[PDB]
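A.B. asks: Chains as they are written, first to last, in the deposited numbering: chain A, 219 to 738; chain D, 219 to 738; chain W, 427 to 634; chain H, 219 to 322.
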Amino acid sequence: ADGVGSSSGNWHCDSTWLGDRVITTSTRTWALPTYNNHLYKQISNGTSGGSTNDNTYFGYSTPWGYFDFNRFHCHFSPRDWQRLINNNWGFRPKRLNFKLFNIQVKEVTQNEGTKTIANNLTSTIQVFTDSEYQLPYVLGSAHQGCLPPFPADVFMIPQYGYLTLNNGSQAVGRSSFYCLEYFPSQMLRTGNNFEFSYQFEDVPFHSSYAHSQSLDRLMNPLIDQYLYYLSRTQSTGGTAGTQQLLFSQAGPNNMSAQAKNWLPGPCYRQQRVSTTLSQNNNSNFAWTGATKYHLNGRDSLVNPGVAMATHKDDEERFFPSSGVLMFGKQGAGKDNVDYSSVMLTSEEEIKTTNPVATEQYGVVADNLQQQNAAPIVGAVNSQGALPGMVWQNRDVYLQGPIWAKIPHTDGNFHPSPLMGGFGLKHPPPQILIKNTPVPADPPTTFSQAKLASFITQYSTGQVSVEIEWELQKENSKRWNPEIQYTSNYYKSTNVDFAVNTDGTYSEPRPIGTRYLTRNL
Amino acid sequence: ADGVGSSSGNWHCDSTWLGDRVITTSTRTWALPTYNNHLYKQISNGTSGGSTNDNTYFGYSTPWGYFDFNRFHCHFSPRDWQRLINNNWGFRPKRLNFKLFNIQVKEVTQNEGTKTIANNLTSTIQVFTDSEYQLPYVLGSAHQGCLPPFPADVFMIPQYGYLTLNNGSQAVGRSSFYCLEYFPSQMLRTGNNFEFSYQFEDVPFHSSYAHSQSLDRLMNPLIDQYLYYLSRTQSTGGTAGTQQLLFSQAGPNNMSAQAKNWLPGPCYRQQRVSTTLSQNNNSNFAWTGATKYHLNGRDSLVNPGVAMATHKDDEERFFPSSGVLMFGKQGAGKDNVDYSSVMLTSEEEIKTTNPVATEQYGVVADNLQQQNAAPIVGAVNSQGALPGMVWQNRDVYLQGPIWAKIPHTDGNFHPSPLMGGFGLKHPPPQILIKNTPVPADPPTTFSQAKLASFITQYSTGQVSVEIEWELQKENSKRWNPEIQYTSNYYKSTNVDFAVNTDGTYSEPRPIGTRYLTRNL
Amino acid sequence: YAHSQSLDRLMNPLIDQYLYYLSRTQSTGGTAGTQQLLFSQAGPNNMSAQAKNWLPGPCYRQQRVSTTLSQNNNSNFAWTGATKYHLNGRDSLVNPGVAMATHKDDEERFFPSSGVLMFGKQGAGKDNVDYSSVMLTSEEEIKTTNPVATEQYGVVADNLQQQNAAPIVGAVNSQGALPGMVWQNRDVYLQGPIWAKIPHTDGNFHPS
Amino acid sequence: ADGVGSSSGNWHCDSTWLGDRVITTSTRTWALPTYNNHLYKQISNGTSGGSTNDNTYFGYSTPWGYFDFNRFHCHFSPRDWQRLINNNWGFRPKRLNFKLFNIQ
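1) Looking at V581 of chain W: is its Cβ nearer than 9 angstroms to the Cβ of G515 of chain D?
2) Using 9 angstroms as the threshold, is the C-beta distance between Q467 of chain W and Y486 of chain W below it?
3) Below 6 angstroms CB to CB, which residues in the same chain sit around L543 of chain A once its five sequence neighbours on both sides are set aside?
4) Nearest by alpha-carbon distance to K510 of chain A: which of A:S501, A:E692, A:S540, A:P484 is it?
5) Applying a beta-carbon distance threshold of less than 9 angstroms, which residues of chain W neighbour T347 of chain D?
6) What is the DSSP secondary structure of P646 of chain D, reduced to helix, strand or coil?
7) Alpha carbon to alpha carbon, how far is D442 of chain D from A477 of chain D?
8) Which ranges would you report for the beta strand (DSSP E) in the segment 375-415 of chain A if only whole runs of at least 3 residues count?
9) Taking the beta strand (DSSP E) that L448 of chain W belongs to, which residues open and close that run?
10) Pull up the DSSP beta-bridge partners for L314 of chain H, would you.
11) Write down the C-beta distance between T242 of chain A and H293 of chain A rounded to the nearest angstrom, noting that I regard them as a contact closer than 8 angstroms.
12) Please look up how many angstroms separate the CB atoms of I335 of chain D and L250 of chain D, rounded, as I've assumed it's under 8 angstroms.
13) Would you mind working out which of D:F287, D:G455, D:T731, D:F640 sits nearest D420 of chain D, comparing C-alpha positions?
14) Check whether chain H comes within 9 angstroms of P619 of chain W, counting only Cβ atoms and requiring the distance to be less than that.
15) Between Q377 of chain A and the rest of its own chain, which residues show a CB-CB distance below 7 angstroms, the 5 nearest in sequence each way excluded?
16) Which residues in chain D sit within 8 angstroms of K530 of chain W, going by Cβ to Cβ distance?
17) Quick check on the burial criterion: 16 or more other C-beta atoms within 10 angstroms. Buried or exposed for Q452 of chain A?
18) Consult DSSP for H256 of chain A and reduce its assignment to one of helix, strand or coil.
19) Excluding the five sequence neighbours on either side, which residues of its own chain have a C-beta within less than 7 angstroms of the C-beta of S432 of chain W, listed in chain order?
20) By the criterion of Cβ-Cβ separation under 8 angstroms, what are the contact partners of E399 of chain D in chain A?
21) Run down chain W in chain order and give the residues with a C-beta less than 7 angstroms from the C-beta of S600 of chain D.
22) Which one or two residues does DSSP pair with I241 of chain D in a beta bridge?
23) Can you tell me the Cα-Cα spacing of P657 of chain A and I673 of chain A, whole angstroms?
24) At 7 angstroms on the CB atoms, spell out the chain H contacts of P699 of chain A, in chain order.
25) Out of curiosity, what's the CA-to-CA distance linking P281 of chain D and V717 of chain A?
26) Any Cβ of chain W within less than 9 angstroms of the Cβ of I624 of chain D?
27) Quick one: does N304 of chain H have its CB under 9 angstroms from some CB of chain W?
28) For the segment 376-402 of chain D, which residues have a CB atom closer than 9 angstroms to at least one CB atom of chain A, in sequence order?
29) With respect to the beta strand (DSSP E) encompassing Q300 of chain A, which residues constitute its N-terminal and C-terminal limits?
30) If you drop the 5 nearest sequence neighbours on each side, which residues of the same chain put their C-beta closer than 7 angstroms to that of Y446 of chain A?
31) Is any beta-carbon of chain H found at less than 9 angstroms from that of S682 of chain A?
32) Tell me whether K569 of chain A sits in a helix, a strand or coil according to DSSP, three-state version.
33) Any contact between the segment 604-613 of chain W and the segment 624-633 of chain D? By contact I mean 3 or more CB pairs, one from each, below 8 angstroms.
34) In chain A, which residues lie with their C-beta within 7 angstroms of the C-beta of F664 of chain D?
35) Measure the alpha-carbon distance for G264 of chain A versus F503 of chain A and round it to whole angstroms.
36) Near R535 of chain D, which residues of its chain fall below 6 angstroms by C-beta distance, leaving aside the five closest residues on each side in sequence?
See below:
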């Protein structure tokens, strides 16, 4: 039986590779403080201050914290991630299991300048999952506070808050307020533990691979087509330019002119930025020249956007302004940090099926020609979905988000998250946790006012999350060797994906998921 | 049921001698501190400093500690060791059993200058065995930190660390990093206990005995051989030296010339050092004149080396420089301590089957003789294995290591540890233990940085290890009395293998395992 | 696979050994050099001096050749300076030989003369073809357990010292099997042979 | 039943990766000429010529040919070899099967 002298659970970290399943499991140590002195608070920012109209919000910050495991490096070691991306075409999550155990609640008190900390054995914490998704779902925005990548780290649990409809800083009539104490929650003392199990809905495998064929090269290089195209509108070789309609079969000589069954994926253009500083314009175009969308009078930057190739062949240095996911190196500031600190992801692999982010989708005619009027062709900067169009989703990264919640709406088009991930209508429920408030001594004469004086308190414990993953094994007749993800062979001051002299775990580079090839 | 008010186990120290088995069992009290402030750290030493190229390393120090029982005096009292070595030819370990129990976790805090210590009832510790040998196996290097020989001592648990491939101080690409929190481990509070059982693989008995015959004396002293040898190449007694081939049967008169079926064990020469100071050269030859091996550009001293006789007949004072195991007396420094403090072991008994460490293996011819050219014979300093060669392993000591792990490799030759012991492909798993980190109060506003502030904490408890040993009983028709290991009869200021006036347990001398004789 | 640990680094870097070694034979700091025996525990500071349970694999030396042409001697030593064995009056080149590390750390350019398997590139002649056509294999990975092919196995004493006679240590060029010795076999290649037939004989040692 | 108008076998090249086994299979087309005009012949080289003492030999060359599959790249594509060496610590052969068919 449970008690103060027996542990509620054991430490488990593994990856079990069996057949087409891999079961990854993680355990971390967390510390949950008291947020907002146990208060709900209205929070808002209006345009009255230096804030612009785009940055206005209205919402509430709660006392509650929440667990976020939504990043891959929570569930995978760099070596486990290497087994995955080298040997497999696809993977998808199946089920997860989640546990809290070994909970300590501790009171801390100040006397003059000295601090002291003592166990409080009778205190509780409150934990519930929102199984029914009745709360604003705050996961999937790529917020900080996930379990650390490295298992020996102890992490602080992030505070829960949410945003609601606003006009300026003020709230409208449809604005909702949620009291989290109004759900049923389990209360745990130091001998109690918490568990639940969740099963993922059927979701398509993330495709981890690149195409070994571009979309326009699917043809046989040897053979002509029986179809014809219009090769020349004018008389050739004549002393007069008299117009004449001449047709030709497209063939190995002109492939660009052949008939084709499919079209590249949709395009929404990004502004191109060069890593070489001299090539860029001299100005600040970051916000002004940015690609934005306009929703209810507020312009929101489009980030990262629809999945589009970062750059074309033999341009390494150019990247779309908002187009790529950008990760920071260990110990990087939050504000105006130099380029050397960020790690730019790149989509190389989707150049085959997807247009380049920084270039036009194509060119269409602007006019009806006449013998008098010359033909005019305009560029297509943004192109929605057309029939016969194929595309790839953005690639997941070891540092990136696993899933997002598909908004509940009448309709959606290809509901896959633009940060990359698995779109889920019923994602893993978000787990909320709070220290139960313990009052400081009340007065001896009754007063109606609520008690504003509490014992300063925090809790720690252990958390285990276990996800079963389904694998799609690579089966390929390719003769020559694949590209693999490999560590650098040459010597270095310190090992990649390992602690340094000071004990700081760092991740050198973002690791994409597609090294394998398939036929398009 | 377990709890804070009931003990998790009992104290057991015994040696049960039953039939051909002896079961030894020990219990000690340990104290496990917090190592590296709960951090992994890169550690290295390069040649840039005063360090030479031989001393360079690259590796990691962990927060974890580990239990090491690998020395014999952990499992045997001097009296139990006497029953063993006097009455038995051989012994080998069969199975072991291991327990942690009666675990206290204590927090300590500083206020001004005063220290105070208090039980923390809800804290845990983490314990796992590496059953699958997936970690660098750090036992068997004869490191300190084993359970004390004397049961009333309380010992500190040593910190775990490991080394990895390096070039200079820098790491190469094959360098591995291991996170120990990434294994499954059991978490124990103060009412919990830990246990596991391990069974030794079949290993040959350590041979505890000396041969009563030298390898070259196996002949009958009474009878001649029917074989012949070449006695004389020259005419005897003649006024001319005309060469003539003369043969003789070897017999009691010349035994050195007889034909023999076997050869002494292999030889790798050591430099000879005299305990008498005047006889040694005047210089420091300790490192320069040392016998070394050369591996990947680094010269490593050969210690103790292949098993070889310490000295020949009627030389007590000479010993091979690196050839013998060297134990210190109680309370001896680690650096440049005088000869009186160390206890030199000696192999007397293997003079029969093994060559002397400080002398040549033999002599072979350097040339093809002619009537013109005189025969020339060179010395053999180092000799590998030849067919028809027999040898003894080095002797185990009460202070010495029990086993080593046989490296996992394509091939090996007579895989027995050179420090002496039992070579094991699957040695006893190494047990890792750590205090679970407990955070000090986090801030009330969320921060992504890992928590660097912890409660100063340590744990204590009890550890029992029980090994069943299999004995090979001595069965011998020798008429006259054996040599036995006996304590000194004469009076002394204090008893050997007992505490002194101040309570310090000391071991006067190393006790070898071979007092019995067998026929070679 | 390769080993992630060298054979001599198996120790714990944190902890000292309870064993002692002979650190110094002479009096330190004194105006006289009077000899005195001083012992020390080996530790993280000197790892090369620690006691060890195992030895590197056996050594049969090869002559070292540099890919940089200027560094090599000017002569034809290919056959003359080669490492050979002598069987029934015929000297046979030792090729490739016992498995030994091709080169030590931070020397790429050196290779043992006969020590490595040598494959040709597509369309290469059979006679006196230039270096660019052959593909030299290398054993990097066995540096941990195996000695370098082009260097000595170790050093042993050549004499019994005296107050009169200085200690002398000779090199070991070729070393047979010793107890407590471990080694790796040579690596197979995609272009290389799968198996061989073990000769039928009274005895053999590690028949690989 | 066999005959001049029916093939004796089929072309098979695969690598089947199942569990802890991999089964590799290869098929090639060979041409076997007539050696030594159907004769056995003594062959030798002595030191009498420019040959040295090390290069001397005595032996026989037969009319017969022989099949040698003993190299790895016979049984593995570079991609199959990559799956092997990246994902595995060790491998050993278990059994083999061998066929001649479609003989002209």
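Every residue, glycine too, gets a C-beta built ideally from N, C-alpha and C.
C.D. replies: Taking the structure as given:
1) For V581 of chain W and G515 of chain D, no; Cβs fall outside 9 angstroms.
2) With respect to the 9 angstroms criterion, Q467 of chain W and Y486 of chain W are not classified as neighbours on the basis of their beta carbons.
3) Leaving aside the five residues that flank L543 of chain A on each side, the residues in its chain whose CB is nearer than 6 angstroms to its CB run, in chain order, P522, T563.
4) The option with the nearest alpha carbon to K510 of chain A is A:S540.
5) Here the premise fails: no neighbours, minimum Cβ distance about 18 angstroms.
6) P646 of chain D: coil per DSSP, three-state reduction.
7) Each residue's Cα considered, the two are about 11 angstroms apart.
8) Here the runs fully enclosed are 377-382, 404-406.
9) Where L448 of chain W is concerned, the enclosing beta strand (DSSP E) stretches over 446-452.
10) The partner list for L314 of chain H (beta bridge, DSSP) is empty, contrary to what the question assumes.
11) The beta-carbon distance between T242 of chain A and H293 of chain A, rounded to whole angstroms, is 4 angstroms. This is short enough to meet the 8 angstroms contact definition.
12) That pair is no contact at about 15 angstroms.
13) Relative to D420 of chain D, the option among D:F287, D:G455, D:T731, D:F640 whose CA is nearest is D:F640.
14) Cβ-Cβ to chain H under 9 angstroms: yes for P619 of chain W.
15) The residues are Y253, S279, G283.
16) Among the residues of chain D, those whose CB is under 8 angstroms from the CB of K530 of chain W are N514, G515, following chain order.
17) Per the 10 Å Cβ criterion, exposed.
18) When secondary structure is reduced to three states using DSSP, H256 of chain A falls in the helix class.
19) Within the same chain, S432 of chain W has close Cβ partners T570.
20) Simply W229, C231, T245, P369, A370.
21) Neighbours of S600 of chain D across chain W, judged by C-beta separation under 7 angstroms: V582, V598, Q601.
22) Note: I241 of chain D sits in a beta bridge opposite D:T234, D:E686.
23) Rounded to whole angstroms, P657 of chain A to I673 of chain A spans 6 angstroms at the Cα level.
24) Per Cβ cutoff of 7 angstroms: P296, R297, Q300.
25) Using only the alpha carbons, I get a separation of about 13 angstroms.
26) True, the Cβ-Cβ gap to chain W drops below 9 angstroms.
27) Chain W has no Cβ within less than 9 angstroms of the Cβ of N304 of chain H.
28) For the segment 376-402 of chain D, which is checked against every Cβ of chain A, the residues closer than 9 angstroms are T382, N384, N385, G386, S387, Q388, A389, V390, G391, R392, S393, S394, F395, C397, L398, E399, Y400, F401, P402.
29) In this chain, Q300 of chain A is not harboured by any beta strand (DSSP E); it is covered by the alpha helix (DSSP H) spanning 296-305.
30) The answer, listed in chain order, is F465, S466, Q467.
31) Closer than 9 angstroms: no.
32) Note: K569 of chain A maps to helix in three-state DSSP.
33) Segment contact: the segment 604-613 of chain W against the segment 624-633 of chain D, three or more CB-CB distances shorter than 8 angstroms; contact assigned.
34) For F664 of chain D, the C-beta contacts it makes with chain A under 7 angstroms involve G363, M374, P376, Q377, in order along the chain.
35) Rounded to the nearest angstrom, the two C-alpha atoms are 25 angstroms apart.
36) The beta carbon of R535 of chain D is closer than 6 angstroms to those of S492, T493, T494 in its chain, skipping five residues each way along the sequence.
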